[PDB]
Amino acid sequence: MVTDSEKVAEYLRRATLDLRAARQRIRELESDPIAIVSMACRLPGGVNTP
Amino acid sequence: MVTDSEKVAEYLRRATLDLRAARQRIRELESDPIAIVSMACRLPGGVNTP
Amino acid sequence: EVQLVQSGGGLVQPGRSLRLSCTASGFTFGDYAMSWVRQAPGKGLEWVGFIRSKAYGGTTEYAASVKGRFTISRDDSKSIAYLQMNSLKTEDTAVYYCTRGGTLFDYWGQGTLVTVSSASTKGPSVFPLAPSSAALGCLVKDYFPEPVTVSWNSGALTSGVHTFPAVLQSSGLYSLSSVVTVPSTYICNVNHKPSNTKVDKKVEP
Amino acid sequence: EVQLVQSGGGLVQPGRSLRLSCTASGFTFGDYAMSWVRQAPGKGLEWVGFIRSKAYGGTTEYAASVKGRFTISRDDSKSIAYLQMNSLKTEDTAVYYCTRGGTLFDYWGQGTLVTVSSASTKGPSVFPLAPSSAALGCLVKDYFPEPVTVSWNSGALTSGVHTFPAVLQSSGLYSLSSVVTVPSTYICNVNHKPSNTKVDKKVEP
Amino acid sequence: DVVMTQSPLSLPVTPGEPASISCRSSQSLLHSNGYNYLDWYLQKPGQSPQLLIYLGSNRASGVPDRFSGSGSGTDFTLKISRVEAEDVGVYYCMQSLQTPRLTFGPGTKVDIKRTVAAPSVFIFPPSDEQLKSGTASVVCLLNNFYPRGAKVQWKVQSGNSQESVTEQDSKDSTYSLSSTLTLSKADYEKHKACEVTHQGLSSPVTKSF
Amino acid sequence: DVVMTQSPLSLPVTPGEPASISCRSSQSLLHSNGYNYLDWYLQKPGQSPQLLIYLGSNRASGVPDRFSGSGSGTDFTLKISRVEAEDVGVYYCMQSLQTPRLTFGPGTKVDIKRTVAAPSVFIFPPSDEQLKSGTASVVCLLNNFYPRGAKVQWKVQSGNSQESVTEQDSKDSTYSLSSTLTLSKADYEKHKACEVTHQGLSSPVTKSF
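Chains as they are written, first to last, in PDB author numbering: chain A, 1 to 50; chain A', 1 to 50; chain H, 3 to 135, 143 to 193, 200 to 220; chain H', 3 to 135, 143 to 193, 200 to 220; chain L, 17 to 172, 177 to 212, 215 to 231; chain L', 17 to 172, 177 to 212, 215 to 231. A prime marks a further copy of an entry chain.
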């Protein structure tokens, strides 16, 4: 049978994983890095590509 | 002296409070209710107040 | 994201062996105990056994009904949990779920059906359920294995139709019945791929 | 937001009593054990005692140095924890912190200074620390209670100044010294409000 | 000294409105660490089980926040603030004080609330194509009733009938049932009906050849 | 059988750069539940203590995420990914396996890294205004050194000196110290200097009347 410590390990793990997922979600909403995937342009002197 | 359960109670409490604060932060960033505190207007026919 | 991908079941004869696998992805498999839980058709969920993580000794426990026939193992390098099933019996027929956790079952595989039977492939027999005085149907009897599909009028009639779950008879063959309601031009179309059998039958008094 | 607001300390004579309070806001006080921790001037943090929440029996524990003189209680209706200190001794002089938690001290009050002394209010004596051959200062000796402030040239000279923490002498009176460095027109201005004493003194060989 | 939980057998629900599932244990689940060792699971039809709530009142990441749990000691509740139609299935409260749990138990069958409806019963006789074989199948159908729990008895009997039930209909929210009495052509000729019961019926109902 | 922790006595740090504080316990802090019962606290100068990390590696809500902890068994580390100047103070690692904790211990004194500097020593004699009173104060000043730890001895002695030290200067990041030898005008006339030590000095240093 599972001891009390073995069960606590699983519950506390779930609580810290819940926290980790919430914190990741905060950081995405606030400061997720944004890729510049490409560029295009029309500029003077025929500068029509980057 | 404090038992193991009494100490676990305090640690698990901190983990669930950390989670609760993170979840509240998510809900603020995503869907915090916004008060309309006042209004003003200029509309036809001299309708210059709400 | 967390995934538990199950494979390795299917049809097996009594006395024979099967090994089910659960392939994990998206978490550290080696940190979790892993459990097997099974569900006989139309019944409740029964605990089969579980294996502890290496952090807690890597040992197993088993339900008394499978002890000495089933064994659980794990491969932490491939992130796979196994259920080795020997000396299989008809009452072992079930969907077998793998789940993460030994006490808290916080993520579950999609399940693997294991059917233990000595039956041979057999096309069904169709027989009509006709009225007399607003309800008729077909009886699709004595086939193996599942499934068998049933439409009415080549899928034109759907309203009022009820196709029932198959039942397993004492003979080892399945049987279902489809019905539909209409008062006062009625065919059921029965299809059993495993034996390459198709049948249409008209229902009237 | 969580707050722990401390009050009730100050100056007290040996043998007398004081009750410190910690008034909590912004959380459910009644769910937490509450602890007292103290810090003698310039020393480490010493555990004084704690009280359990009602959920764990409401009982207390105490450091052997305060047992039988100090008692902790709580009022869950007002959200206050108390430290009752009787038979106070000079070595009880300290900043007393209240903190939430009996094992994990996850939120701390701002601290309450408790000074145990039989000394009378006494204005300081100023004496010069003059050079001979780039550093001079003043010695501000024999005052009570703290604090005493020190500027140089009515706050015109700040560069190179070092005003030292007061030290408590065996007599029960404090003494600090201020110094400043300049090579090759130098007054220290000393202010001791509790006795309404002001003093300026010129430093030269 | 075995620790069991019980919850209601069935619970009709209405989307838009709240629902509550009660749970009682044979023994306090309150641990010295302050938590109740009680978890809630859901098995949707044709899906695998999923965790909802752990240690009485903690909602796992990703579970919709319309689910919450409360209670203490021996009495617990799962609350849905506003039911959605996708919430039907079997809910289980599972104690974790004593392990292993050998079974999840019968759980609470949640389905769509509707007005009671009685089974429209029908009896069908064995076909002649089948009697030529050597066996006789006679069917008794109980169509569109609510809630589940329609019973059938035969009188040509025991140990020679099998029954089957549909899932709750997506349209009218009712169930249907088929029973099938099986005897040999011999034992069939040697005689010359099915008795239904159901709460939506005033009194039992029979249908004979 | 008492459970103690030890961390380094001092740790100069550089803002912009990482810092690590090690911790060793006399006994494993690993519990059967999988966690190490080790918490980290910080006391900034003139402020009350604050929690940073609990159970070895969990960061409490509101603590800056540049702080983390790791380790297991008897060996633990607090890591600051990039130190800020506001991070100076005393760090404490505290075991929670055995309670109560009677003391927080000496902790690790974190201050601003700079190049070693030796104390510019000065001796001042008692004033005449003071000798008229009846007591003699002679001061020995150790100005602008680094790190802390400048020692002073007197030879007119023991039990008649008191010393004081400033906090790390906001500009040059050094410390200063004052010692003060106190004897009666009697015992003072009856004789007719202070010996410093410090790592930034090649050898001890004396200054006499």
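Think of the CB as a built atom: it goes at the ideal place given N, C-alpha and C, for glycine as much as any other residue.
>> On the DSSP letters alone, give me the boundaries of the alpha helix (DSSP H) that residue 5(A) sits inside.
In response: Run containing residue 5(A): 4 to 31, per the alpha helix (DSSP H) assignment.
> Where residue 127(L') and residue 46(A) are concerned, what is the direct C-alpha to C-alpha distance, given to the nearest angstrom?
Replying inline: 58 Å
> Does the beta carbon of residue 108(H) come closer than 7 Å to any beta carbon on chain A?
Replying inline: Closer than 7 Å: yes.
> Just reading off the alpha helix (DSSP H) that residue 147(L') is part of, what are its end residues?
Replying inline: 144 to 147
>> Against residue 116(L), what residues of chain A qualify as contacts under a CB-to-CB distance less than 8 Å, listed in chain order?
In response: 1, 2
>> Can you look up residue 62(H') in the DSSP assignment and give me helix, strand or coil?
In response: strand
> Which residues, in chain order, does the region 70 to 86 of chain L contribute to contact with chain A at a C-beta distance below 9 Å?
Replying inline: 70, 71, 74, 75, 76, 77, 78
> By Cβ distance, which residues of its chain are closer than 8 Å to residue 29(L'), with the 5 residues on each side in sequence left out?
Replying inline: 35, 96, 99, 103, 104, 126, 127, 128, 129
> In chain A, what lies closer than 7 Å to residue 103(H) by C-beta?
Replying inline: Result: 10.
>> Determine, for residue 5(A'), whether the minimum Cβ-Cβ distance to residues of chain L falls below 7 Å.
In response: yes
>> If you reduce the DSSP assignment to three classes, tell me which class residue 69(H') lands in.
In response: Secondary structure of residue 69(H') (DSSP, three-state): coil.
> Where do the ends of the alpha helix (DSSP H) carrying residue 205(L') lie?
Replying inline: Membership of residue 205(L') in the alpha helix (DSSP H) is indicated by the continuous run 205 to 209.
> Are the C-beta of residue 36(A') and some C-beta of chain A separated by less than 7 Å?
Replying inline: Not an interface residue.
> Can the beta-carbon of residue 78(H') be found less than 7 Å from the beta-carbon of residue 111(H')?
Replying inline: no
> When you compare each of 23(H), 220(H), 176(H), 57(H) to residue 43(H) by their alpha carbons, which one comes out closest?
Replying inline: Checking every option, the nearest Cα to that of residue 43(H) belongs to 176(H).
>> Measuring straight from C-alpha to C-alpha, what distance separates residue 205(L) and residue 128(H)?
In response: 17 Å
> Should residue 37(H') and residue 101(H') be called a contact, given that it needs their Cβ atoms to be closer than 7 Å?
Replying inline: yes
> What separation, rounded to the nearest whole angstrom, lies between the Cα atoms of residue 40(A) and residue 33(A)?
Replying inline: CA-to-CA, the gap between residue 40(A) and residue 33(A) works out to about 21 Å.
>> In whole angstroms, give me the CA-to-CA distance for residue 158(H') and residue 48(H').
In response: The alpha-carbon atoms of residue 158(H') and residue 48(H') are separated by roughly 29 Å.
> Between the C-alpha atoms of residue 130(H') and residue 178(L'), what's the straight-line distance to the nearest angstrom?
Replying inline: 25 Å
>> Can you give me the C-alpha to C-alpha distance between residue 123(H') and residue 206(H'), rounded to a whole angstrom?
In response: Each residue's alpha carbon lies about 14 Å from the other.
> In this structure, does DSSP put residue 17(L) in helix, strand or coil?
Replying inline: In the three-state DSSP reduction, residue 17(L) falls in the coil class, being neither helix nor strand.
>> Is there a C-beta anywhere in chain A that falls below 7 Å from the one on residue 222(L')?
In response: no
> For a contact meaning CB atoms closer than 8 Å, what does residue 61(A) contact in chain H?
Replying inline: Since the first residue shown for chain A is 1 and the last is 50, residue 61(A) is missing from the structure and cannot be characterised.
> Is it a yes or a no for the region 180 to 195 of chain L touching the region 17 to 24 of chain L', going by three-plus beta-carbon pairs under 8 Å?
Replying inline: no
> Among 159(L'), 217(L'), 146(L'), 162(L'), which residue has its Cα nearest to the Cα of residue 203(L')?
Replying inline: 146(L')
>> Just to confirm my understanding: we take residue 157(L), look at its own chain, exclude 5 residues before and 5 after, and list those with CB closer than 6 Å. What are they?
In response: 138, 198
>> Run through chain H and tell me which residues come within less than 7 Å of residue 55(L), C-beta to C-beta.
In response: 106
>> Counting only Cβ pairs nearer than 8 Å, list the residues of chain A close to residue 23(A').
In response: What residue 23(A') touches in chain A: 22.
> Distance, Cα to Cα, residue 63(H') vs residue 5(A)?
Replying inline: C-alpha separation (whole angstroms): 27 Å.
>> I'd like the span of the beta strand (DSSP E) that includes residue 87(H'), first residue to last.
In response: 82 to 87
>> Closest to residue 126(H') by C-alpha separation, out of 59(H'), 208(H'), 16(H'), 54(H'), would be which residue?
In response: 208(H')
>> With the cut-off set at 7 Å, would you say residue 110(L) and residue 189(L) are in Cβ contact?
In response: Contact annotation: residue 110(L) and residue 189(L) have beta-carbon atoms that are not nearer than 7 Å.
> Relative to chain D, which residues along the region 55 to 79 of chain H have a C-beta separation below 7 Å, given in chain order?
Replying inline: Of the protein chains in the structure, A, A', H, H', L and L', none is chain D.
> In whole angstroms, what is the alpha-carbon distance linking residue 42(A') and residue 50(A')?
Replying inline: 9 Å
> Along chain A, in chain order, which residues have C-beta atoms closer than 7 Å to that of residue 112(L)?
Replying inline: 7
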